[PDB]
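Participant: Structure incoming, see below.
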Protein chains: 2
Amino acid sequence: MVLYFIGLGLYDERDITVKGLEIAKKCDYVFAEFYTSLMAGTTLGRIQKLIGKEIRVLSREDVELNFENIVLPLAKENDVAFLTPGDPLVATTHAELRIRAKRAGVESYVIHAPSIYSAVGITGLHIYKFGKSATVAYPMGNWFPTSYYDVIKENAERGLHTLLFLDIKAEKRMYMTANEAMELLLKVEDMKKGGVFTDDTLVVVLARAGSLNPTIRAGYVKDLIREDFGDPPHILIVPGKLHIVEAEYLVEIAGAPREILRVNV
Amino acid sequence: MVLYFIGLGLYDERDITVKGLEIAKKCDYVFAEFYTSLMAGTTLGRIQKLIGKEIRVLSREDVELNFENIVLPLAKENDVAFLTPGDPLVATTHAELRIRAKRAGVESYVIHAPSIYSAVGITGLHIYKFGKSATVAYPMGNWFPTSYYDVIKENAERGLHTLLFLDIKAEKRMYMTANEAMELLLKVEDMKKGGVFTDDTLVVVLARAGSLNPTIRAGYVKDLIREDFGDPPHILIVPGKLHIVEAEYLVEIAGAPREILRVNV
Ligand SMILES: Nc1ncnc2c1ncn2[C@@H]1O[C@H](CSCC[C@H](N)C(=O)O)[C@@H](O)[C@H]1O
Ligand code: NA
């Protein structure tokens, strides 16, 4: 009678940790959600084959609305696993599900896996220099989210980097590209006119982290807004004040304009 | 002709990903470093047996100073693996190593693994609310660092959480406990008098992340300062204002006092 929250990792089925695999293999029932993120290098079939268990995929409503009606009942008499892309508690509200587990009298354990939040280290930007993070959400009809723009502003004033998770509407197979993110930000700049995000802003794009050849690119918005970064998922990063060593990596590894090597001191 | 940076994960030998284990097994040479951080729940012997190949350990000097003389030459005609605790390149210095690989004409790839940066999600604190991160280092001789205090102040002021890594003496396998960190902070507060860290400050301590049974505790400094958090490593977090769900998670999962539900939300 235990519930395991198990992360599947960044890109493919092998991004799960050995610990995660061995526990999932011995579970009686296995549930999963594939709406919080996109694992571009695998399929449900491959994941199922790897763990040797049939997987019951749940929708966002199944989880947010009926997690205690669909998953917890079985977890009271058996070992149940709930799998998720990346790390199960990063950039999701799944932590709250552990509260539901407890009140249901069910023990829960968490098995971590590589997460985009941590994988940003491959951009060469010091991970401790990141400040508040935000999500660039798709506008729904006339509703136009803009809060993420203020996050960039606040971090940049402190000289901190801003990690921008990008939207995903899995049910519609809609995966926001870094390009779409940039467009939205420029539009928001037009409204707020804070000088936060412009054609000259230096940005970093990380696409398909977890794969062997992720797309790592740095440059000015004017130049990257129309560049092809490959298949989703993508994340966008607006660096704050760079250290020379960060700029060197972006130039040498992410093909950034050598001019950034000359920071303004 | 290829160098693989492979993350070992959080705590024990099973914290490496399936992909990492499989790639390491196919490499002609396997190196590892245990100076940036340690794998507190396992040993070099257990990691080596799991992989099945002899592992050569590299000192801080061997890497920072002679990576291109010890590691890269072999990567020219063989597949080489470089294992590091956590997620590769999270340690502010390892990114540079990819530039060295480039300059040696050696291809390098990164195989991710869980990191403390993402793993803290288990505290129930929303990762988007984390601000600039810092490390608390022991004062030594005429050097008494206090910058981490300012980091906490700037984050909390903006309602952001502060992730604090605690000092470590890797070679000696000696870690600074959360209790020591809290003591240091109280002394810095006495000097600073900024009202940033006092007996009434709410803090979160995370011990042995990666383990199925990590210690997750939250409470006011005056009550946790002398609490036994178990074996290191310890992670100290100074949360900013809490979302009601974060507070409920802390109360329900980390044994936080009911008081935070009205005082810190
Ligand atoms: N492999 C990957 N490469 C680039 N961005 C990724 C990614 N995986 C996730 N993301 C980013 O994060 C968003 C999901 S938000 C939740 C992330 C997940 N729990 C994790 O720990 O990684 C995606 O829409 C995308 O913008
Ligand atoms: Na951070």
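Ligands are numbered from 1 in the order shown, residues from 1 within each chain, and chains are lettered A, B, ... in the order they appear in the structure tokens.
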How would you report the residues lying within 8 Å of ligand 1, as a PyMOL selection string, if you count only C-alpha atoms and all ligand atoms?
Facilitator: (chain A and resi 7+9-11+36-40+84-92+113-118+135+164-168+175-176+206-211+214+232-236) or (chain B and resi 118)
Participant: Please save N, CA and C atoms of the selected residues as a compact mmCIF listing (two decimals), in the first residue's frame.
Facilitator:
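What ended up in selection11.txt:
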# COMPACT_ATOMS: atom_id res chain seq x y z
N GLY A 7 10.18 10.05 -11.56
CA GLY A 7 10.49 10.88 -12.71
C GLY A 7 11.06 10.04 -13.84
N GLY A 9 12.60 11.57 -16.59
CA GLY A 9 13.71 12.23 -17.24
C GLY A 9 13.36 13.18 -18.36
N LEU A 10 14.42 13.76 -18.92
CA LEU A 10 14.34 14.77 -19.96
C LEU A 10 13.91 14.44 -21.38
N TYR A 11 14.52 13.42 -21.97
CA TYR A 11 14.27 13.11 -23.38
C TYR A 11 13.68 11.74 -23.72
N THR A 36 2.43 17.62 -18.45
CA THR A 36 3.24 18.67 -17.82
C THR A 36 4.50 18.99 -18.62
N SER A 37 4.92 18.05 -19.46
CA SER A 37 6.12 18.25 -20.28
C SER A 37 6.15 17.28 -21.46
N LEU A 38 7.12 17.46 -22.35
CA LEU A 38 7.25 16.60 -23.52
C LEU A 38 8.60 15.88 -23.58
N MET A 39 8.54 14.55 -23.69
CA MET A 39 9.74 13.72 -23.81
C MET A 39 9.80 13.39 -25.30
N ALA A 40 10.54 14.21 -26.04
CA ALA A 40 10.64 14.07 -27.49
C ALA A 40 11.40 12.88 -28.07
N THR A 84 6.07 10.57 -14.40
CA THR A 84 5.93 11.87 -15.04
C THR A 84 7.21 12.22 -15.79
N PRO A 85 7.11 13.07 -16.82
CA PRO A 85 8.30 13.47 -17.57
C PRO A 85 9.18 14.27 -16.60
N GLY A 86 10.48 14.31 -16.85
CA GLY A 86 11.39 15.06 -16.00
C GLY A 86 11.32 14.64 -14.54
N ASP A 87 11.40 15.60 -13.62
CA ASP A 87 11.31 15.30 -12.20
C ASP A 87 9.85 15.57 -11.84
N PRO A 88 9.18 14.63 -11.16
CA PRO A 88 7.77 14.81 -10.80
C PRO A 88 7.34 16.04 -9.99
N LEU A 89 8.25 16.67 -9.26
CA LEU A 89 7.87 17.83 -8.45
C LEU A 89 8.38 19.18 -8.92
N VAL A 90 9.05 19.22 -10.07
CA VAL A 90 9.61 20.46 -10.59
C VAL A 90 8.71 21.09 -11.65
N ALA A 91 8.26 22.31 -11.40
CA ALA A 91 7.40 23.02 -12.35
C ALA A 91 6.05 22.33 -12.57
N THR A 92 5.56 21.65 -11.54
CA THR A 92 4.25 21.04 -11.52
C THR A 92 3.61 21.33 -10.18
N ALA A 113 14.53 12.42 -11.14
CA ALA A 113 15.07 12.13 -12.46
C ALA A 113 15.59 13.45 -13.03
N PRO A 114 16.46 13.39 -14.05
CA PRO A 114 16.97 14.65 -14.60
C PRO A 114 15.82 15.61 -14.95
N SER A 115 16.01 16.88 -14.60
CA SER A 115 15.00 17.91 -14.81
C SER A 115 15.55 19.09 -15.61
N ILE A 116 14.68 19.76 -16.38
CA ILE A 116 15.12 20.90 -17.18
C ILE A 116 15.70 21.97 -16.27
N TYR A 117 15.13 22.11 -15.07
CA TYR A 117 15.58 23.11 -14.11
C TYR A 117 17.08 22.96 -13.83
N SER A 118 17.53 21.71 -13.80
CA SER A 118 18.92 21.41 -13.53
C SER A 118 19.75 21.33 -14.81
N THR A 135 6.84 31.18 -16.55
CA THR A 135 6.34 30.39 -17.66
C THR A 135 5.67 31.30 -18.68
N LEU A 164 12.85 30.57 -18.41
CA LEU A 164 11.47 30.65 -18.85
C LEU A 164 10.94 29.32 -19.35
N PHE A 165 10.09 28.68 -18.56
CA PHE A 165 9.48 27.42 -18.99
C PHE A 165 8.53 27.87 -20.11
N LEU A 166 8.33 27.03 -21.11
CA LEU A 166 7.44 27.39 -22.20
C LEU A 166 6.17 26.54 -22.12
N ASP A 167 5.05 27.11 -22.54
CA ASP A 167 3.77 26.44 -22.48
C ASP A 167 3.67 25.15 -23.29
N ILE A 168 2.71 24.32 -22.89
CA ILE A 168 2.45 23.05 -23.55
C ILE A 168 0.98 22.70 -23.37
N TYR A 175 3.24 22.65 -28.62
CA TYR A 175 4.45 22.84 -27.84
C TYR A 175 5.07 24.17 -28.24
N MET A 176 4.99 25.15 -27.34
CA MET A 176 5.53 26.48 -27.60
C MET A 176 7.02 26.46 -27.91
N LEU A 206 17.64 26.44 -25.29
CA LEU A 206 18.06 25.07 -25.06
C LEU A 206 16.90 24.22 -25.56
N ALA A 207 17.17 23.39 -26.57
CA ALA A 207 16.14 22.54 -27.16
C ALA A 207 16.46 21.06 -27.04
N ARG A 208 15.47 20.30 -26.59
CA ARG A 208 15.61 18.87 -26.42
C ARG A 208 16.77 18.47 -25.51
N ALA A 209 16.83 19.09 -24.33
CA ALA A 209 17.87 18.75 -23.36
C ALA A 209 17.65 17.27 -23.05
N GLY A 210 18.73 16.54 -22.79
CA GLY A 210 18.58 15.12 -22.50
C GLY A 210 18.97 14.27 -23.70
N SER A 211 18.85 14.83 -24.89
CA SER A 211 19.25 14.09 -26.09
C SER A 211 20.76 14.24 -26.15
N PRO A 214 21.50 18.20 -28.07
CA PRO A 214 20.47 19.23 -27.89
C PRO A 214 20.91 20.49 -28.62
N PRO A 232 10.45 20.49 -30.55
CA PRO A 232 10.27 20.84 -29.14
C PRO A 232 10.66 19.63 -28.30
N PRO A 233 10.74 19.79 -26.97
CA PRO A 233 10.51 21.02 -26.21
C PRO A 233 11.69 21.98 -26.18
N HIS A 234 11.37 23.26 -25.95
CA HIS A 234 12.36 24.32 -25.87
C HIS A 234 12.15 25.09 -24.58
N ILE A 235 13.21 25.76 -24.12
CA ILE A 235 13.11 26.64 -22.96
C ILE A 235 13.82 27.89 -23.43
N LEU A 236 13.46 29.03 -22.85
CA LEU A 236 14.09 30.28 -23.22
C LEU A 236 14.76 30.82 -21.98
N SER B 118 17.04 20.61 -8.50
CA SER B 118 15.70 20.15 -8.87
C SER B 118 15.10 19.32 -7.74
Participant: What residues have any atom no more than 6 Å from ligand 2 when counting only C-alpha atoms and all ligand atoms, and can you list them as an MDAnalysis selection string?
Facilitator: (chainID A and resid 128 130:131) or (chainID B and resid 130:133)
Participant: All in-order C-alpha pairs, least squares, chain A moved onto chain B. Output the fitted coordinates as an mmCIF file with C-alpha atoms, in the first residue's frame, please.
Facilitator:
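Saved the output as part-v6.cif:
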data_model
loop_
_atom_site.group_PDB
_atom_site.id
_atom_site.type_symbol
_atom_site.label_atom_id
_atom_site.label_comp_id
_atom_site.auth_asym_id
_atom_site.auth_seq_id
_atom_site.Cartn_x
_atom_site.Cartn_y
_atom_site.Cartn_z
ATOM 1 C CA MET A 1 37.468 9.840 -29.347
ATOM 2 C CA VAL A 2 34.622 11.209 -27.232
ATOM 3 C CA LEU A 3 34.224 12.470 -23.653
ATOM 4 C CA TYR A 4 31.044 11.801 -21.664
ATOM 5 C CA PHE A 5 30.122 13.889 -18.621
ATOM 6 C CA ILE A 6 27.835 11.522 -16.690
ATOM 7 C CA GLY A 7 25.888 12.338 -13.545
ATOM 8 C CA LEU A 8 25.661 9.649 -10.859
ATOM 9 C CA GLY A 9 22.736 11.077 -8.950
ATOM 10 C CA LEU A 10 21.800 12.106 -5.438
ATOM 11 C CA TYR A 11 22.364 9.230 -3.015
ATOM 12 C CA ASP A 12 23.465 5.813 -4.280
ATOM 13 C CA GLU A 13 24.818 4.140 -7.412
ATOM 14 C CA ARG A 14 21.321 3.410 -8.706
ATOM 15 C CA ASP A 15 20.543 7.129 -8.999
ATOM 16 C CA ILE A 16 22.341 7.114 -12.322
ATOM 17 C CA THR A 17 20.033 7.171 -15.365
ATOM 18 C CA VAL A 18 19.744 4.022 -17.464
ATOM 19 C CA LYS A 19 21.144 6.088 -20.341
ATOM 20 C CA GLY A 20 24.109 7.005 -18.178
ATOM 21 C CA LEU A 21 24.750 3.437 -17.069
ATOM 22 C CA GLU A 22 24.609 1.892 -20.542
ATOM 23 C CA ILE A 23 27.005 4.474 -21.984
ATOM 24 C CA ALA A 24 29.453 4.288 -19.072
ATOM 25 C CA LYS A 25 29.494 0.494 -19.382
ATOM 26 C CA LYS A 26 30.831 0.721 -22.936
ATOM 27 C CA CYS A 27 33.504 3.360 -22.305
ATOM 28 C CA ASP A 28 37.211 2.513 -22.602
ATOM 29 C CA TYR A 29 38.310 4.665 -19.682
ATOM 30 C CA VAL A 30 36.283 5.979 -16.749
ATOM 31 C CA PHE A 31 37.302 8.923 -14.549
ATOM 32 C CA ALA A 32 35.416 10.474 -11.645
ATOM 33 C CA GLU A 33 35.475 13.184 -8.998
ATOM 34 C CA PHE A 34 33.880 12.954 -5.572
ATOM 35 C CA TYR A 35 34.695 16.361 -4.146
ATOM 36 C CA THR A 36 31.865 18.564 -5.485
ATOM 37 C CA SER A 37 29.260 16.631 -3.495
ATOM 38 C CA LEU A 38 28.624 13.620 -1.261
ATOM 39 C CA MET A 39 26.730 10.456 -2.246
ATOM 40 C CA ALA A 40 25.978 9.090 1.223
ATOM 41 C CA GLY A 41 24.356 5.828 0.130
ATOM 42 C CA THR A 42 27.078 4.144 -1.901
ATOM 43 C CA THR A 43 30.804 3.567 -2.323
ATOM 44 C CA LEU A 44 33.366 3.648 -5.124
ATOM 45 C CA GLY A 45 33.377 -0.138 -5.042
ATOM 46 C CA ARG A 46 29.625 -0.389 -5.599
ATOM 47 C CA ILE A 47 29.703 2.172 -8.395
ATOM 48 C CA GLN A 48 32.605 0.345 -10.055
ATOM 49 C CA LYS A 49 30.785 -2.977 -9.784
ATOM 50 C CA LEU A 50 27.654 -1.483 -11.328
ATOM 51 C CA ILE A 51 29.410 -0.090 -14.400
ATOM 52 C CA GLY A 52 31.906 -2.939 -14.611
ATOM 53 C CA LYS A 53 34.904 -0.645 -15.038
ATOM 54 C CA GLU A 54 37.835 0.388 -12.870
ATOM 55 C CA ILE A 55 37.452 4.067 -11.991
ATOM 56 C CA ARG A 56 40.254 6.602 -11.688
ATOM 57 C CA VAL A 57 39.314 9.159 -9.052
ATOM 58 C CA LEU A 58 40.668 12.673 -9.602
ATOM 59 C CA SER A 59 41.230 15.422 -7.039
ATOM 60 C CA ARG A 60 39.977 18.997 -7.392
ATOM 61 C CA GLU A 61 43.446 20.114 -8.459
ATOM 62 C CA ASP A 62 43.706 17.231 -10.943
ATOM 63 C CA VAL A 63 40.595 18.558 -12.632
ATOM 64 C CA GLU A 64 40.854 22.329 -12.269
ATOM 65 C CA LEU A 65 44.590 22.344 -12.976
ATOM 66 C CA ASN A 66 45.264 19.306 -15.183
ATOM 67 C CA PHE A 67 42.017 18.056 -16.757
ATOM 68 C CA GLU A 68 43.492 18.556 -20.241
ATOM 69 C CA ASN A 69 46.621 16.633 -19.232
ATOM 70 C CA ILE A 70 45.003 13.697 -17.454
ATOM 71 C CA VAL A 71 41.679 13.108 -19.189
ATOM 72 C CA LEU A 72 41.610 14.750 -22.623
ATOM 73 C CA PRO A 73 44.657 12.952 -24.063
ATOM 74 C CA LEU A 74 42.901 9.586 -23.665
ATOM 75 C CA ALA A 75 39.623 11.025 -24.945
ATOM 76 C CA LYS A 76 41.327 11.799 -28.256
ATOM 77 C CA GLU A 77 41.683 8.126 -29.158
ATOM 78 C CA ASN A 78 39.047 6.438 -26.999
ATOM 79 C CA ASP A 79 35.589 6.791 -25.473
ATOM 80 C CA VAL A 80 36.170 8.313 -22.046
ATOM 81 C CA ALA A 81 33.695 8.981 -19.252
ATOM 82 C CA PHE A 82 33.920 11.515 -16.441
ATOM 83 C CA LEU A 83 31.462 10.749 -13.642
ATOM 84 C CA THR A 84 30.318 13.131 -10.899
ATOM 85 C CA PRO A 85 27.834 13.064 -7.997
ATOM 86 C CA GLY A 86 24.426 14.554 -8.848
ATOM 87 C CA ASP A 87 24.252 16.339 -12.205
ATOM 88 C CA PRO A 88 27.735 17.145 -13.589
ATOM 89 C CA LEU A 89 26.963 20.781 -14.481
ATOM 90 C CA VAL A 90 24.892 21.922 -11.486
ATOM 91 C CA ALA A 91 26.687 23.902 -8.778
ATOM 92 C CA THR A 92 30.092 23.068 -10.273
ATOM 93 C CA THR A 93 32.420 24.652 -12.743
ATOM 94 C CA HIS A 94 32.565 21.528 -14.929
ATOM 95 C CA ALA A 95 30.738 23.259 -17.804
ATOM 96 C CA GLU A 96 34.044 25.063 -18.386
ATOM 97 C CA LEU A 97 35.677 21.669 -18.944
ATOM 98 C CA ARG A 98 33.593 21.295 -22.095
ATOM 99 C CA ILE A 99 35.401 24.344 -23.421
ATOM 100 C CA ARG A 100 38.739 22.622 -22.780
ATOM 101 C CA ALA A 101 37.372 19.541 -24.519
ATOM 102 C CA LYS A 102 36.447 21.486 -27.652
ATOM 103 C CA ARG A 103 39.734 23.338 -27.961
ATOM 104 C CA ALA A 104 41.425 19.959 -27.559
ATOM 105 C CA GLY A 105 39.506 18.713 -30.600
ATOM 106 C CA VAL A 106 37.480 16.322 -28.421
ATOM 107 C CA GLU A 107 33.733 15.797 -28.729
ATOM 108 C CA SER A 108 31.857 15.845 -25.423
ATOM 109 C CA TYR A 109 28.313 14.841 -24.464
ATOM 110 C CA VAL A 110 26.390 15.351 -21.238
ATOM 111 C CA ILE A 111 24.246 12.755 -19.474
ATOM 112 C CA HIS A 112 22.126 14.258 -16.696
ATOM 113 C CA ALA A 113 21.148 12.690 -13.372
ATOM 114 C CA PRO A 114 18.950 13.699 -10.427
ATOM 115 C CA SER A 115 20.295 16.898 -8.836
ATOM 116 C CA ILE A 116 19.763 18.561 -5.452
ATOM 117 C CA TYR A 117 18.735 21.714 -7.340
ATOM 118 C CA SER A 118 15.735 19.801 -8.658
ATOM 119 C CA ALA A 119 15.158 17.471 -5.697
ATOM 120 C CA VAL A 120 14.201 20.468 -3.531
ATOM 121 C CA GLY A 121 10.731 19.915 -4.933
ATOM 122 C CA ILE A 122 10.253 17.242 -2.293
ATOM 123 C CA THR A 123 10.101 20.026 0.325
ATOM 124 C CA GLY A 124 6.758 21.130 -1.079
ATOM 125 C CA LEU A 125 8.148 24.595 -1.913
ATOM 126 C CA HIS A 126 7.256 25.645 -5.461
ATOM 127 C CA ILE A 127 10.392 25.271 -7.536
ATOM 128 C CA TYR A 128 9.617 28.302 -9.709
ATOM 129 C CA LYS A 129 9.545 30.444 -6.547
ATOM 130 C CA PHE A 130 13.241 29.967 -5.826
ATOM 131 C CA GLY A 131 15.396 32.987 -6.509
ATOM 132 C CA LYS A 132 19.179 33.383 -6.538
ATOM 133 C CA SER A 133 21.015 30.500 -4.843
ATOM 134 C CA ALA A 134 24.116 30.664 -2.632
ATOM 135 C CA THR A 135 26.676 28.488 -0.864
ATOM 136 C CA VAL A 136 27.458 28.663 2.855
ATOM 137 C CA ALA A 137 31.237 28.328 2.849
ATOM 138 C CA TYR A 138 33.387 27.239 5.768
ATOM 139 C CA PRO A 139 35.512 30.105 7.066
ATOM 140 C CA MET A 140 39.212 29.382 6.464
ATOM 141 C CA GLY A 141 41.227 30.759 9.354
ATOM 142 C CA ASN A 142 40.523 34.492 9.646
ATOM 143 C CA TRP A 143 38.924 34.612 6.164
ATOM 144 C CA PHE A 144 35.162 34.762 6.782
ATOM 145 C CA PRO A 145 32.874 34.500 3.697
ATOM 146 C CA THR A 146 29.538 36.295 4.049
ATOM 147 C CA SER A 147 28.137 36.858 0.529
ATOM 148 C CA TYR A 148 25.447 34.168 0.930
ATOM 149 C CA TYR A 149 23.722 36.272 3.594
ATOM 150 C CA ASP A 150 23.049 39.007 1.053
ATOM 151 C CA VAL A 151 21.490 36.491 -1.336
ATOM 152 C CA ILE A 152 18.917 35.532 1.299
ATOM 153 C CA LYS A 153 18.209 39.214 1.942
ATOM 154 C CA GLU A 154 17.706 39.996 -1.747
ATOM 155 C CA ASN A 155 15.438 36.985 -2.376
ATOM 156 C CA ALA A 156 13.349 37.439 0.779
ATOM 157 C CA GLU A 157 12.608 41.058 -0.131
ATOM 158 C CA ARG A 158 11.184 39.691 -3.393
ATOM 159 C CA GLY A 159 9.312 36.974 -1.492
ATOM 160 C CA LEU A 160 11.400 34.257 -3.194
ATOM 161 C CA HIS A 161 12.864 31.110 -1.600
ATOM 162 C CA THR A 162 16.631 30.813 -1.120
ATOM 163 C CA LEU A 163 18.444 27.543 -1.774
ATOM 164 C CA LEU A 164 21.664 27.268 0.196
ATOM 165 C CA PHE A 165 24.213 24.707 -0.958
ATOM 166 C CA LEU A 166 26.402 23.749 1.996
ATOM 167 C CA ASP A 167 30.193 23.475 1.952
ATOM 168 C CA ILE A 168 32.162 20.267 1.556
ATOM 169 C CA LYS A 169 35.864 19.594 2.047
ATOM 170 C CA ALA A 170 35.963 16.031 0.752
ATOM 171 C CA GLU A 171 39.713 15.613 1.245
ATOM 172 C CA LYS A 172 39.046 16.154 4.964
ATOM 173 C CA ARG A 173 35.682 14.372 4.979
ATOM 174 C CA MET A 174 34.152 17.625 6.212
ATOM 175 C CA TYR A 175 30.480 17.941 5.327
ATOM 176 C CA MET A 176 28.739 21.075 6.587
ATOM 177 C CA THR A 177 25.521 20.286 8.448
ATOM 178 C CA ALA A 178 22.442 22.436 8.265
ATOM 179 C CA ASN A 179 23.173 23.129 11.922
ATOM 180 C CA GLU A 180 26.615 24.532 11.128
ATOM 181 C CA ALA A 181 25.052 26.596 8.361
ATOM 182 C CA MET A 182 22.520 28.101 10.753
ATOM 183 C CA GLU A 183 25.248 28.968 13.280
ATOM 184 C CA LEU A 184 27.290 30.777 10.637
ATOM 185 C CA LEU A 185 24.252 32.700 9.427
ATOM 186 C CA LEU A 186 23.360 33.873 12.945
ATOM 187 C CA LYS A 187 26.934 35.091 13.381
ATOM 188 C CA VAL A 188 26.691 37.003 10.106
ATOM 189 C CA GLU A 189 23.389 38.459 11.285
ATOM 190 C CA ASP A 190 25.228 39.797 14.343
ATOM 191 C CA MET A 191 27.665 41.623 12.090
ATOM 192 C CA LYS A 192 25.391 42.985 9.362
ATOM 193 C CA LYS A 193 22.315 43.312 11.588
ATOM 194 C CA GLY A 194 19.959 43.282 8.614
ATOM 195 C CA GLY A 195 17.248 41.208 10.252
ATOM 196 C CA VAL A 196 17.689 38.546 7.579
ATOM 197 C CA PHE A 197 18.424 35.422 9.626
ATOM 198 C CA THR A 198 17.302 35.178 13.264
ATOM 199 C CA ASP A 199 16.073 32.669 15.846
ATOM 200 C CA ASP A 200 12.529 33.223 14.586
ATOM 201 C CA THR A 201 13.327 32.724 10.901
ATOM 202 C CA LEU A 202 11.489 29.831 9.259
ATOM 203 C CA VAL A 203 13.886 27.426 7.565
ATOM 204 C CA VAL A 204 13.703 24.107 5.753
ATOM 205 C CA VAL A 205 16.230 21.295 5.893
ATOM 206 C CA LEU A 206 16.558 18.489 3.370
ATOM 207 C CA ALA A 207 19.021 15.744 4.283
ATOM 208 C CA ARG A 208 20.174 12.866 2.103
ATOM 209 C CA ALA A 209 17.805 13.593 -0.784
ATOM 210 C CA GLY A 210 17.724 10.573 -3.084
ATOM 211 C CA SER A 211 17.451 8.057 -0.267
ATOM 212 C CA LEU A 212 14.047 6.504 0.418
ATOM 213 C CA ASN A 213 13.735 8.285 3.765
ATOM 214 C CA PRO A 214 15.410 11.667 3.469
ATOM 215 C CA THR A 215 15.067 13.992 6.439
ATOM 216 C CA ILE A 216 12.578 16.755 5.590
ATOM 217 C CA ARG A 217 12.116 19.324 8.357
ATOM 218 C CA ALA A 218 10.723 22.844 8.601
ATOM 219 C CA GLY A 219 10.614 25.176 11.574
ATOM 220 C CA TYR A 220 12.148 28.162 13.323
ATOM 221 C CA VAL A 221 15.921 28.451 13.635
ATOM 222 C CA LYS A 222 15.786 28.539 17.427
ATOM 223 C CA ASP A 223 14.178 25.103 17.396
ATOM 224 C CA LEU A 224 16.066 23.413 14.556
ATOM 225 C CA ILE A 225 19.590 24.741 15.076
ATOM 226 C CA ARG A 226 20.229 21.912 17.541
ATOM 227 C CA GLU A 227 18.083 19.197 15.981
ATOM 228 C CA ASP A 228 19.753 16.071 14.592
ATOM 229 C CA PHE A 229 19.001 15.783 10.874
ATOM 230 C CA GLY A 230 21.007 12.601 10.367
ATOM 231 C CA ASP A 231 24.094 12.041 8.214
ATOM 232 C CA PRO A 232 25.198 14.523 5.531
ATOM 233 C CA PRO A 233 24.775 15.836 2.932
ATOM 234 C CA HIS A 234 22.332 18.572 3.945
ATOM 235 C CA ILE A 235 21.011 21.692 2.238
ATOM 236 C CA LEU A 236 19.399 24.643 3.951
ATOM 237 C CA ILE A 237 16.451 26.589 2.610
ATOM 238 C CA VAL A 238 15.125 29.950 3.737
ATOM 239 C CA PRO A 239 11.617 30.251 2.277
ATOM 240 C CA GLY A 240 10.324 33.621 1.139
ATOM 241 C CA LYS A 241 6.597 34.357 1.303
ATOM 242 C CA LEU A 242 4.703 31.055 1.419
ATOM 243 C CA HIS A 243 1.603 30.036 -0.507
ATOM 244 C CA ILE A 244 -0.920 28.288 1.748
ATOM 245 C CA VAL A 245 -0.383 25.060 -0.204
ATOM 246 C CA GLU A 246 3.367 25.166 0.510
ATOM 247 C CA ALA A 247 2.754 25.732 4.219
ATOM 248 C CA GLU A 248 0.276 22.836 4.249
ATOM 249 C CA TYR A 249 2.904 20.479 2.840
ATOM 250 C CA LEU A 250 5.586 21.669 5.259
ATOM 251 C CA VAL A 251 3.202 21.113 8.166
ATOM 252 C CA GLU A 252 1.804 17.789 6.969
ATOM 253 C CA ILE A 253 5.062 16.365 5.608
ATOM 254 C CA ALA A 254 7.949 18.269 7.204
ATOM 255 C CA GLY A 255 6.388 18.614 10.653
ATOM 256 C CA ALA A 256 6.374 22.416 10.618
ATOM 257 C CA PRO A 257 4.581 24.358 13.381
ATOM 258 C CA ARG A 258 0.910 24.460 12.360
ATOM 259 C CA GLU A 259 1.016 28.194 13.041
ATOM 260 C CA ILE A 260 2.676 28.813 9.662
ATOM 261 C CA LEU A 261 -0.614 27.851 7.985
ATOM 262 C CA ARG A 262 -1.731 31.361 8.865
ATOM 263 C CA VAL A 263 0.269 33.455 6.414
ATOM 264 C CA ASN A 264 0.411 37.227 6.899
ATOM 265 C CA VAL A 265 -1.595 38.760 4.054
#
Participant: Where in region 92-168 of chain B does DSSP assign strand (DSSP E or B), given as number ranges by chain?
Facilitator: B: 107-111, 130, 134-136, 140, 143, 161-166, 168
